Undergrad: 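First, the structure itself, so that you have it in front of you.
Chain letters run A, B, ... following the sequence lines, proteins first, then strands; residues in each count from 1.
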Amino acid sequence: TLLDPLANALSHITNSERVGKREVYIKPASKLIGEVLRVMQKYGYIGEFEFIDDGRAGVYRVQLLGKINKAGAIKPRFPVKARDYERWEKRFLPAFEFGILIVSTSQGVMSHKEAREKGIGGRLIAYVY
Amino acid sequence: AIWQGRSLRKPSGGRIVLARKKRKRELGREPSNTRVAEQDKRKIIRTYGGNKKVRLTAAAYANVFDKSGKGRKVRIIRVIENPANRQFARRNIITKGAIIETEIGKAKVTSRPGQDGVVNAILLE
Amino acid sequence: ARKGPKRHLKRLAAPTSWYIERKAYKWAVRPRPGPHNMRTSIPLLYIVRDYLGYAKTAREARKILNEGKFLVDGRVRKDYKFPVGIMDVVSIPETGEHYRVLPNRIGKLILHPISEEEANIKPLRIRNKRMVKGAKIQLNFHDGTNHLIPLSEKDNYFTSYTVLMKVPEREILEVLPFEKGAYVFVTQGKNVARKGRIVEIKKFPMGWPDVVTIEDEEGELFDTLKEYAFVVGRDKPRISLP
Amino acid sequence: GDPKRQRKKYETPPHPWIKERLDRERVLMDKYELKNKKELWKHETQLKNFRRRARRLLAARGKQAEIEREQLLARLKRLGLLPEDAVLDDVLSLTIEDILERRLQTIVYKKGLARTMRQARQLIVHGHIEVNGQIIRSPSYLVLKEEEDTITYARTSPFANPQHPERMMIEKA
Amino acid sequence: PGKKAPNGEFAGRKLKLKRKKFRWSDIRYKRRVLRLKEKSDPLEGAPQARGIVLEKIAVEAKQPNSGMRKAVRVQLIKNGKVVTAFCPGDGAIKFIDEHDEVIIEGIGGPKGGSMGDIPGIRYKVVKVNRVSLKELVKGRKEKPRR
Amino acid sequence: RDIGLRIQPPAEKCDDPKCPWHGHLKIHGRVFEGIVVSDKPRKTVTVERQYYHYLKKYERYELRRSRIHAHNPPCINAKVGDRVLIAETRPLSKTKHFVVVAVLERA
Amino acid sequence: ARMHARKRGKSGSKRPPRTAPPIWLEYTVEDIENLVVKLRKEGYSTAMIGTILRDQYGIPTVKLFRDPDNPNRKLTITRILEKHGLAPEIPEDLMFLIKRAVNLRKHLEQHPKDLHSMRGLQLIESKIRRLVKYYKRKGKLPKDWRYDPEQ
RNA sequence: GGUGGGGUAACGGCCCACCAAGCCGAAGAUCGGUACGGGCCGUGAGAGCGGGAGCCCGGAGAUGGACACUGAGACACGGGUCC
RNA sequence: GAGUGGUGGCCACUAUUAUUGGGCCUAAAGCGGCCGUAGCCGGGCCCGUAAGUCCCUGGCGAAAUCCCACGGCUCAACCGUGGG
Ligand SMILES: [Mg+2]
Ligand SMILES: [Mg+2]
Ligand SMILES: [Mg+2]
Ligand SMILES: [Mg+2]
Ligand SMILES: [Mg+2]
Ligand SMILES: [Mg+2]
Ligand SMILES: [Mg+2]
Ligand SMILES: [Mg+2]
Ligand SMILES: [Mg+2]
Ligand SMILES: [Mg+2]
Ligand SMILES: [Mg+2]
Ligand SMILES: [Mg+2]
Ligand SMILES: [Mg+2]
Ligand SMILES: [Mg+2]
Ligand SMILES: [Zn+2]
């Protein structure tokens, strides 16, 4: 059965950008997926996106720009303290400031650079580079 | 002889193998079965830390107290009953909680004769 | 200690508040029972020999002590195992010098020079208070000594107050209450040797100790345990502190 | 557990017979006149330690890290290995020759005290050289920059006389 | 086969159990924990042993090699067992005589066993009557007690 | 009356000398919260608490449970299935060292 | 996929997203509730009533009107029947499965060697037990209620 | 596990008299194997894997097995009794 | 190089124990097939709680051992004063 809407969205994006698709439809939408899309758009990894209403959970329409090397979800959602980001970076990213880790904190969903600036930890949920 | 250290059984039922000898500070002593007699008899025990206990072995008098707060020193006749053991009453053994009969009525013992050396009882109504 | 009390002490296991070289020799002096506890006192021999340096060996240190040259709270002490602790006074009248024993900013004991006028008083924290036969009140102090007061005065004294005592006569000459605005000096913990004024007091259920908040000179606030806060004045210290 | 055991202060090669490494080390050994390989290896380890400390501190942040960073820079430029305006990055460009140039033997040779490296070694070992008023007999001692110019013949030595035959031959070059 | 399992956040117990279960398939781990070598080693875990020579023998090489290798039967003093030990060197068997005492040690083959073209022999002689055999073979020393 | 926990006492009184609310028993030390899983013996209950343990090598959690035997006074009289609060005391039997001081949510 | 056969049929209804009832629909809520009560008293099942309402009276699902009494929720057929006391005592799908199972148990008395029809009985009873567990958890059935075929 | 006692420096099935049927267990009880525990030590980029004689802190023993006197403290390595 | 070889043990080599991070058509390896109890994994939105989780701060986790600077033995090994 369906177990994890966020992993489906990210694997779908990384599958579609490898064959040069220009837009995608994320079929089960949710607030968390919307937050991840906002963070991705702020850093220039995607174009514009919008919410479409059916009588069901709703759909997201996303524009791609050919600027993603890889994107994926992190399972399980490991807790991380405010001064331990380097080792997760070495585990998931290719160079010392290449790409972002996406962190859920009690002040919202944000990239690990903003969280490190504010001095707080949280839960790792995704990586994009 | 009388070791009050620990049980050799776990609460699950398994056995315990003893891992040391019995220490001296864990031993008990023979119970004093305080009886009714014509004349009173007590002895002194030197205890841990060099303290003392007065042990009463034969009792002939008792102190009885009424609800008003006055007390009288009278003599003991017999033990009517003793809920601690089934055959204490026949042998005339006195412990705390026993019912004794005196020349002014029945009384219930409130002290521990083997630890204090006196028999104190409160009068029954 | 398989069968009885210990009588020895290795250097490596010595208390962490002494100034001592831990690898130079094997043994250290095991202190005698006395006024303070092991964590807040040091034997007199180390004060004579290692700190001030009036002796080179222990043998000639014992010759100085047996002649009656050192006073602790104004009383001659000859035992080289005798413990000297927080807020005590050390006097050498032959050279005319006085010291007060105090914890350091890292928690070790040091001797702080003072004047002769101030050397006659000793502050004592009230650690407990009880009723004694004849319906008198007995006050038990932070260094283990006791004092008696009548039933009329029972409302002037509570635990955590500080009594300024004149030594060696042991006569009371001041009482310093514990309350907001009092001036305190910290004797243990992470904030040891800091000083300031009391701002707040907080309490907890089921026997957990209570905590106080302190403001220092520069305007910073820090917390500590209530029993680690030693009262030393009303709004300024009554004794000389570093 | 176990009590402390004292460990070696140098590291050995991972493979004993590698042609290129043998060639490079032979060049160094002949130029600086060292007694055995372990001496060379000792100095190599020192260098690596410095590098390992610089790599760790570039990636750290906090209050203790800054203290240790300035301590590393100060120690490096007290030994004469860095110019007084160097930054942490310049630690990663040090080479083995920089350390071997600080040995007392090399410095005695360069100042003109001796004609050769081997003569300098003997001059040191027999006790004819003084550093800041004190005689040192270890040829591998690393010289601080602050004391480099107080290096002379010992005031009791035969060589502390401008007419000694062997001193004159040394001056001749 | 699907994804490796279990991956859940609260599934530590099963994961530890799985690793413990399949570690017993490792022959190196099983022999150390059950102490299988200790139970069958005639040297009882020692690196060398002392024994008495019973007789001299010769062993044929494995094909396709040709030749005879000189060996002795040794009875161990510590437990009374009998083993076979090889005598290394050219003409070394001349310095061994019946009823001599010897010190033997392992021969150094794969997995602490035999080596080369002589399977079945696991040890070699090191000393004879408290004199090194290598010395006797080279010279530089003469066997005592005639 | 208050015994230091700052919670509401039971409604009715009792005659047990081992009751902290109405007798001579004193409480001091830990205070735990749990769920009753057995009440067969006279005046005795079994209380279970669940927590998580971190496995460092596998960076995951596992669930563990702790079971404690507690003295059950007649004024409170807890049953199987409800949430209770327990406090530490002196030894009372071979396996009993806690006493029930409140029922937070009846089953 | 299917619970037991693992096939992947996709046929079903494709409902457009709408909030308000259509303009051309003229019935009010009173008329619809009257119709639902009348059809129920004719004896139809809940799923059948909606089919008749759609086919003959032109009413796409009653889940287009807000509940007049409780504004928080929309209207459904079982809710309408509850408002009048005609709602089933046992949930309908459980009842249908039980009815199917009883008929099959008397077939297997006269045909003991029909082993392929017996696996169908086992699958039906597995579905029944899943359903009774769900309904016990939610409180739609008593705690003592049990499925015993001999009943 | 409960009620009533004894005993102890002290709480306690520690031990008795009476009343019940409880207590532990596939989340591994019970039984068998091996072992004194820790601060630490060896190795490895790390995650890990292996060891725990020597220095410090705790435990236990004095040929094997039982038991007492004196004392603040012992059932006592250079004190006592039996096998 | 005042050392240098032999035998036995543990780690590395080894991603040949694999959380990071392995395999199962033909090479070792998918139960002959299916139903289901504990366990693990579980769809969208709104409100509450604050157990997990994150941040700040009090009381602890002896000394020795580990890392850094400075100081004393000729430098070092070792030892002392401070910071971790
Ligand atoms: Mg002894
Ligand atoms: Mg050990
Ligand atoms: Mg062990
Ligand atoms: Mg190998
Ligand atoms: Mg493989
Ligand atoms: Mg198959
Ligand atoms: Mg098959
Ligand atoms: Mg199944
Ligand atoms: Mg969900
Ligand atoms: Mg929380
Ligand atoms: Mg430490
Ligand atoms: Mg010097
Ligand atoms: Mg130095
Ligand atoms: Mg040191
Ligand atoms: Zn009560």
Side-chain angles (χ1 to χ4, degrees), chain A residues 1-3 5 28-31 56-58 79 81-82 91 105-106 119-123, chain B residues 2-7 11-14 19-25 27-29 31 47-51 83-86 95-97 114-115, chain C residues 3-5 10 12-14 16 21-23 189-190 209 211 223-225, chain D residues 1-6 36 64 67-68 71-72 74-75 134-138 141, chain E residues 1 6 8 10-11 13-15 19 22-23 25-26 29 45-48 105-106 108 112 126, chain F residues 40-44 52 57-60 63-65 90-94, chain G residues 4 122-123 126:
Chain A
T1 56
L2 175 62
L3 296 165
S30 57
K31 302 307 176 81
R56 311 168 195 200
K81 291 194 166 63
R91 180 146 149 185
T105 77
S106 62
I120 58 174
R123 298 263 176 172
Chain B
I2 315 171
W3 182 62
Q4 300 179 347
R6 74 164 53 112
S7 201
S12 68
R20 68 181 189 185
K21 72 180 70 165
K22 308 177 186 185
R23 303 303 184 195
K24 173 167 190 162
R25 54 172 183 260
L27 303 185
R29 297 189 190 96
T47 67
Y48 189 76
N51 301 118
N85 193 291
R86 187 174 48 174
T95 64
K96 171 177 189 278
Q115 307 285 328
Chain C
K3 317 296 175 197
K10 311 275 232 302
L12 280 178
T16 193
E21 296 198 334
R22 298 179 173 269
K23 282 179 156 180
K190 172 168 64 76
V211 172
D223 302 9
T224 194
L225 293 189
Chain D
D2 294 295
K4 177 198 175 184
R5 329 163 163 187
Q6 303 188 30
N36 43 24
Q64 183 72 24
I67 289 177
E68 295 220 3
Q71 281 177 342
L72 168 54
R75 180 63 181 175
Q134 155 90 40
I135 295 186
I136 301 186
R137 305 223 221 103
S138 296
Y141 171 77
Chain E
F10 297 107
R13 179 180 275 110
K14 183 75 161 58
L15 186 50
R19 181 54 50 215
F22 287 120
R23 206 180 180 190
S25 303
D26 184 355
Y29 169 79
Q48 313 182 324
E105 74 185 10
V126 170
Chain F
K40 292 299 198 172
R42 294 174 188 165
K43 306 182 194 175
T44 300
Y52 284 121
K57 170 181 184 182
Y58 296 105
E59 47 206 7
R60 284 157 175 89
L63 176 86
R64 295 181 174 182
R65 48 188 168 189
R90 64 173 171 93
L92 295 167
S93 65
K94 184 165 181 176
Chain G
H4 298 132
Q122 293 167 343
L123 302 186
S126 291

Undergrad: Over how many whole Å does the gap from F:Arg60 atom CZ to I:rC41 atom P extend?
TA: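 That distance rounds to 10 Å.
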Undergrad: Partner lookup for H:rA17, please. Criteria are Watson-Crick or G-U wobble with both distances under 3.5 angstrom; report none if nothing qualifies.
TA: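 Its partner is H:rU3.
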Undergrad: What is the distance, to the nearest angstrom, from the CD atom on F:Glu59 to the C1' atom on H:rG46?
TA: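 Result: 13 Å.
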Undergrad: A:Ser106 side chain N/O closer than 4.0 Å to the phosphate oxygens (OP1, OP2) of I:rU53?
TA: no
Undergrad: Between C:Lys23 and I:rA63, does any side-chain N or O lie under 4.0 Å from OP1 or OP2?
TA: no
Undergrad: Can H:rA47 be described as syn, meaning its chi torsion is within 90° of 0, or is it anti?
TA: anti
Undergrad: I'd like the P distance from I:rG83 over to I:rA63, given in whole Å.
TA: 14 Å
Undergrad: Need one value for E:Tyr29: base, sugar-phosphate or nothing, where a base atom within 4.0 Å counts as base even if backbone is also close, heavy atoms only.
TA: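 Nothing: the residue E:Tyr29, judged by heavy atoms under 4.0 Å, touches no strand.
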Undergrad: From CZ of F:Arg42 over to P of H:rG22, roughly how many Å is that when rounded to an integer?
TA: 11 Å
Undergrad: For H:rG32 and H:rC23, measure between their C1' atoms and round to the nearest Å.
TA: 24 Å
Undergrad: Under 4.0 Å between any heavy atoms, over every strand shown, what does A:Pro5 touch: base, sugar-phosphate, or nothing? Just pick one.
TA: sugar-phosphate
Undergrad: Rounding to a whole Å, what distance do you find between D:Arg5:CZ and H:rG42:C1'?
TA: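 Distance check: D:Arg5 CZ to H:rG42 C1' gives 7 Å.
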Undergrad: Tell me which nucleotide, if any, is Watson-Crick or G-U wobble paired with I:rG82 when both distances must be under 3.5 Å.
TA: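 Its partner is I:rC68 (Watson-Crick or G-U wobble, both distances under 3.5 Å).
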Undergrad: Grab the CG-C1' distance between B:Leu27 and H:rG7 for me, whole Å please.
TA: 12 Å
Undergrad: Taking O4'-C1'-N9-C4 for purines and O4'-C1'-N1-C2 for pyrimidines, is H:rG54 syn (within 90° of 0) or anti?
TA: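 Syn for H:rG54; the angle stays within 90° of 0.
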Undergrad: If you compare every side-chain N and O of F:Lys43 against the phosphate oxygens of H:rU3 (OP1, OP2), does one of them come in below 4.0 Å?
TA: yes
Undergrad: Base, sugar-phosphate, or nothing for A:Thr105, non-hydrogen atoms under 4.0 angstrom?
TA: nothing
Undergrad: Let's test this: given Watson-Crick or G-U wobble pairing with both distances under 3.5 Å, identify the partner of H:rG71.
TA: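 Across any shown strand, H:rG71 pairs with none.
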Undergrad: Taking atom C1' of H:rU70 as reference, at what distance in whole Å does atom CZ of B:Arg25 sit?
TA: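 Whole-Å distance recorded here is 18 Å.
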Undergrad: Quick one: label F:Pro41 by what it contacts on the DNA or RNA (base, sugar-phosphate, nothing), any heavy atom closer than 4.0 Å.
TA: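 Touches sugar-phosphate only.
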Undergrad: So, OP1 or OP2 of H:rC57: does either fall under 4.0 Å of a side-chain N or O from C:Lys10?
TA: yes
Undergrad: Just call it for A:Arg56: base, sugar-phosphate, or nothing, with non-hydrogen atoms closer than 4.0 Å on any strand.
TA: nothing
Undergrad: Taking 4.0 Å as the cut-off, does a side-chain nitrogen or oxygen of B:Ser12 come that near to OP1 or OP2 on H:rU30?
TA: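 Answer yes for this pair, as a side-chain N or O of B:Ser12 is under 4.0 Å from OP1 or OP2.
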Undergrad: Find the distance B:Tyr48:OH to H:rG73:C1' and express it as a whole number of Å.
TA: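 To the nearest whole Å, that distance equals 7 Å.
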Undergrad: Roughly, in whole Å, what's the span from CD1 in B:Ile2 to P in H:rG13?
TA: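 Computing the B:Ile2:CD1 to H:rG13:P distance gives 17 Å.
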Undergrad: So, does B:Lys21 get its side chain near the phosphate of H:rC75, meaning an N or O under 4.0 Å from OP1 or OP2?
TA: no
Undergrad: At under 4.0 Å between heavy atoms, what does B:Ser7 touch on the DNA or RNA strands: base, sugar-phosphate, or nothing?
TA: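 Sugar-phosphate only.
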Undergrad: Are the six-membered rings on the bases of H:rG78 and H:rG79 close enough and parallel enough to be called stacked, with the limits being 5.5 Å between centres and 30° between planes?
TA: no
Undergrad: Would you confirm whether the neighbouring bases I:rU14 and I:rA15 count as stacked, given the thresholds of 5.5 angstrom between ring centres and 30 degrees between planes?
TA: no
Undergrad: Kindly label the base of H:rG50 as syn or anti, based on whether its glycosidic torsion lies within 90° of 0.
TA: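 It is anti.
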Undergrad: Would you find a donor on one side and an acceptor on the other, under 3.5 Å apart, between the side chain of G:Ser126 and the backbone of G:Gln122?
TA: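 Indeed, once roles are kept as given, a pair shorter than 3.5 Å links the two residues.
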Undergrad: Compare side-chain N and O positions of B:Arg86 against OP1 and OP2 of H:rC18 and report whether any pair is under 4.0 Å apart.
TA: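 For H:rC18, OP1/OP2 do have a side-chain N/O of B:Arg86 under 4.0 Å.
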Undergrad: Indicate, with a heavy-atom threshold strictly under 4.0 Å, whether A:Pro79 touches base, sugar-phosphate, or nothing.
TA: sugar-phosphate
Undergrad: Have H:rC55 and H:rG39 got a Watson-Crick or G-U wobble pairing, both distances under 3.5 Å?
TA: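 Answer is yes for this nucleotide pair.
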Undergrad: Examine I:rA18: is either OP1 or OP2 under 4.0 Å from a nitrogen or oxygen in the side chain of F:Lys57? Give yes or no.
TA: yes
